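Fold and contact review
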Amino acid sequence: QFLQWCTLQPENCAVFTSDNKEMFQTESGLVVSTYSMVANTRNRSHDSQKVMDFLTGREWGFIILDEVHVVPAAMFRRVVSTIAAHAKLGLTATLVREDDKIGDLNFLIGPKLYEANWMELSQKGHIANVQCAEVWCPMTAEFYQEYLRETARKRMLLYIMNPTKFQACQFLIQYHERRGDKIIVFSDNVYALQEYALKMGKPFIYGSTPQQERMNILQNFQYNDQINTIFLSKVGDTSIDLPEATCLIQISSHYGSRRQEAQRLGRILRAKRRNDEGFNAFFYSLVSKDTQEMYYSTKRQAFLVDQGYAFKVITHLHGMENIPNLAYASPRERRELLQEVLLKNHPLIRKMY
Amino acid sequence: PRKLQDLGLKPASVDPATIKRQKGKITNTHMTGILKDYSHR
Amino acid sequence: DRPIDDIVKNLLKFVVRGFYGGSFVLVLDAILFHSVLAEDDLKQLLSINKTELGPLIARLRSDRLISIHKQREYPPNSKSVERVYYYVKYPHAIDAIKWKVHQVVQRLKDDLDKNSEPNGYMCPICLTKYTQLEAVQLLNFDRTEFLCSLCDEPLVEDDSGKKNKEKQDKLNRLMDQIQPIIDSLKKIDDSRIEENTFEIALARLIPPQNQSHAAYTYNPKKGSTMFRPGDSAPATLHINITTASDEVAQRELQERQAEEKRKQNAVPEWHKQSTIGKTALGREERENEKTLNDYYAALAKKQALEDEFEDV
Ligand SMILES: [Mg+2]
Ligand SMILES: [Zn+2]
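One structure accompanies this document, and this report is about it.

What counts, and where the lines are drawn
Residues numbered from 1 in each chain as written, not as in the entry; some residues may be left out. Chains lettered and ligands numbered in written order. Part of a larger assembly, values for the part shown. Heavy atoms only, no water. Helix = DSSP H or I, 4+ residues; strand = E, 2+ residues; numbered from the N terminus. Buried < 20%, exposed > 50% of the residue type's maximum accessible area, 1.4 Å probe, protein only. Areas by Shrake-Rupley, 256 points an atom, 1.4 Å probe, with all protein chains shown as cover. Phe/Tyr/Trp six-rings, centres within 6.5 Å; stacked < 30°, edge-to-face > 60°. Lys NZ or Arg CZ within 6 Å of the ring centre and 35° of its normal. Pairing = 2+ DSSP bridges. Donors = N, O, S within 2.8 Å, 3.2 Å for Na, K, Ca; no water. Tetrahedral: all angles 85-135°; square planar, octahedral: opposite > 155°, others 65-115°. Polar contact = N/O pair within 3.5 Å; in protein donor to acceptor, adjacent residues only side chain to side chain. Contact = heavy atoms within 4.5 Å. Axes fitted to C-alpha atoms, helices over the stretch in contact; angles between N-to-C directions. 1 Å grid on protein atoms, 1.4 Å probe; cavity = no way out; pocket = protein on both sides within 12 Å on 5 of 7 lines; lining within 4 Å. Points joined across faces, edges and corners; volume = space filled by probe spheres on them. Nonpolar A, V, L, I, M, F, W, Y, C, P; charged D, E, K, R; others polar.

Focus: the overall build of chain B
Along chain B, the regular secondary structure elements total one helix and zero strands. Its C-alpha atoms put chain B at 75 × 20 × 15 Å along the principal axes. Out of the 41 residues in chain B, the part that is buried amounts to 15%. In the structure as shown, chain B presents an accessible area of about 3900 Å², 50% of it carried by carbon and sulfur atoms.

Remarks on the packing of aromatic side chains
Summed over the entire model, instances satisfying the criterion amount to 27 aromatic pairs over all chains. Members of the aromatic cluster, each reached through a chain of ring pairs, are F171, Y175, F282 and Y284 of chain A together with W270 of chain C. Seen from the ring of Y328 of chain A, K199 of chain A lies directly overhead, with NZ or CZ sitting 4.6 Å from the centre. Between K344 of chain A and the ring centre of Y191 of chain A, over which it is positioned, the NZ or CZ distance is 4.0 Å.

With respect to the pairing of strand 6 (residues 183-186) of chain A
Residue and element names in this part refer to chain A. Here strand 6 shows a buried face lined by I183 and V185 and a second buried face lined by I184 and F186. Strand direction decides the pairing type here: strand 6 and strand 7 (residues 229-231), joined by three bridges, are parallel. Within strand 7, the position partnered with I183 by the bridge is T229. Note that strand 6 and strand 8 (residues 247-250) share four bridges and pair parallel. Across the sheet, residue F186 finds its bridge partner in strand 8, namely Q250.

Focus on the coordination of the zinc ion (ligand 2)
Residue and element names in this part refer to chain C. In this structure, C123 (SG), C126 (SG), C148 (SG) and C151 (SG) serve as the protein donors to the zinc ion (ligand 2), at separations of 2.3 Å. Geometry at the zinc ion (ligand 2) is tetrahedral, judged from its four donor atoms and the angles of 105 to 113° they form at the metal. Read from N- to C-terminus, the donor residues coordinating the zinc ion (ligand 2) fall into the pattern C-x2-C-x21-C-x2-C. Taken together, the residues span a long stretch of sequence, with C126 in the loop between strand 4 (121-122) and strand 5 (129-130) and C148 in the loop between helix 6 (132-135) and strand 6 (156-157) at a distance of 22 residues. Here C126 falls in the partly exposed class, since its relative accessible area comes to 23%.

Side note on the side chain of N196 of chain C
All names here are of chain C. For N196, the location among the structural elements is in the loop between helix 8 (179-190) and helix 9 (198-202). Polar contacts involving the side chain of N196 include one to the main-chain carbonyl oxygen of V88, which spans 3.3 Å. Looking at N196, its side chain comes within polar contact range of the main-chain nitrogen of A201, at 3.1 Å. Setting aside chain neighbours within four positions, we find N196 in contact with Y87, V88, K89, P91, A201 and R204.

Some words on the sheet that holds strand 9 (residues 281-289) of chain A
Residues and elements named next belong to chain A. Strand order in the open sheet made by the six strands is 7-6-8-9-5-10, with parallel pairing throughout. Of all strands in the sheet, those with a lone pairing partner are strand 7 and strand 10 (312-314), marking the two edges. Strand after strand, the sheet turns through a mean of 20° between neighbouring axes, direction not considered. Direction of pairing for strand 5 (residues 130-138) relative to strand 9: parallel, over a ladder of seven bridges.

Things to note about empty space enclosed by the protein
All names here are of chain A. Of the volumes computed, that of the largest cavity is approximately 50 Å³. As for the largest cavity, its lining consists of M156, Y159, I160, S252, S253, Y255, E293 and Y296. Taken together, the elements giving at least two residues each to the lining of the largest cavity come down to helix 8 (152-160) and helix 13 (292-297). Counted by class, the lining of the largest cavity contains five nonpolar, two polar and one charged residues. The volume enclosed by the second largest cavity comes to roughly 40 Å³. For the lining of the second largest cavity, the secondary-structure elements that each account for two or more residues are strand 9 and helix 13.

By themselves, these observations are geometric and do not establish any function.
Here's what the structure looks like:
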């Protein structure tokens, strides 16, 4: 982005990530790094130690803290002190955190200069319009019974994998794919993410993924017409730009965090065709009824409501029964899945061997 | 050609000596033969 | 053939006809009429033997008016043989012609200068030439005759005194006879000639015979880093006429495309209406025309082999 929008010559740019660690030797240059590679204290490798000294030795003139809602954490804030700079800027769409550390930003980087409305930019064509929805997938009788007895930590996996959610996700994916839409399916739970992906034969990304493979998946999802949908995870929650993505679904969630909902919605707020007549992006939220998920769902969209977004309750998807094949339509498969998820908890002697 | 170029005659040839004769562990693999390499745009 | 190619060809023809014998004209004209021409084909075209084609090819090769190319050939039903091809490398021939023209004129000019100098001397017995300066240190004690050193005999004045005019006459003749070469070289310098190669020459080939044994093809070996000395040189348009019936058909297609585009953007059903009460989701004129035509007709009367291939 830096190269494309301004005349920054490539020679003066050095990217300090886990892959490459070379630093610009020209008098004045640019360093784009990450907190994990700059906030570490105990164990730095030899290759990454020279670079850190290079960063610390020079007196920088400007620091850009992208996603500044994470700088007041226990250790990330240390970088703001170690790195010498005369100007500090913070860029974040959401300025909220569960703890009380948000106010700490005042003495770390300074006050809040400017804020912008969401609906104002939406009606001016700068960001896309989204019809937020919340689908109520009533838990099937068989699964629900176990939800009563099981403890809190396993109950989560139980109400994330109810078959009705599989059917709703499968119906929506097929319906929107026919509409020529690029869909993203978020899930903070990795086991469900893999199960959904392998069941629907679609690529997925999660934390264990090497940087290149997820990059290859991202590029394919952007330009390959056959791969219309992917399956992201908590890694893609923020700061990943997909101008082609238009629809968005989520099957799991990180409890009551209001920010993750907004950051996830951001993936589709920049859809390319956000100015053609009548276009409306989509953000679905599949939640199991009569479960603790509704408690978190009504709580994790309290920030979008303040901005102006309104969630619409969808009890039933019209035309969902006539779809040819639905996952776990027979009780046999439902029973099999229930147990499957329930069970989740002398150099010469060298020749001898 | 060099000898012709010393007498002031344009040589229609050149000395042939000047003819310069010119990662690891993957995550998802159920997409075995689907991912086309769109590396550049 | 480019216009300059004709100029080069004419220059070669003039040089061969004027500065080489008769059979030389035949050999070079054969491979100027044709492009690269195999030795066997060259023999068959002129009906001369190997012992007679040898001297001709050798001399035309020493002067670089003809280039040679040897390559291994593998006939499908015979022992592999090495074939020899002959062609013309125009940059090479022109340089040889230019150098030789310059040298011949220079030699005659120098001979004119030398012949205009004092005569000299020679000894009749030992046939040793003495210059004017060298003879002046051998004259006898009487200062009457120049004596030789080896023979101790009087010296005799040398010749070349009268040739002062003949050598100038020779130069006057040569520049008149060699005029076309100078005129052709001037035009060649203005243009830029491309260096020729066996493969390049094959593009202008006129086959000599119906069933020549030599395969006039250049299939270079694969990944061969070997370099030999002096073997390198520097859509469809479719139109469619649209009739009136086709125009309305095209309009219908355009309307259908617009309808499909509108659908792609329209909102789904569940987002349209509030779905609370609905159940939860889960598993005859023709005769008239004729009588008119007859009526008007009455009026007007009243008034008056298996291989790999692709598709291109
Ligand atoms: Mg950003
Ligand atoms: Zn003598």
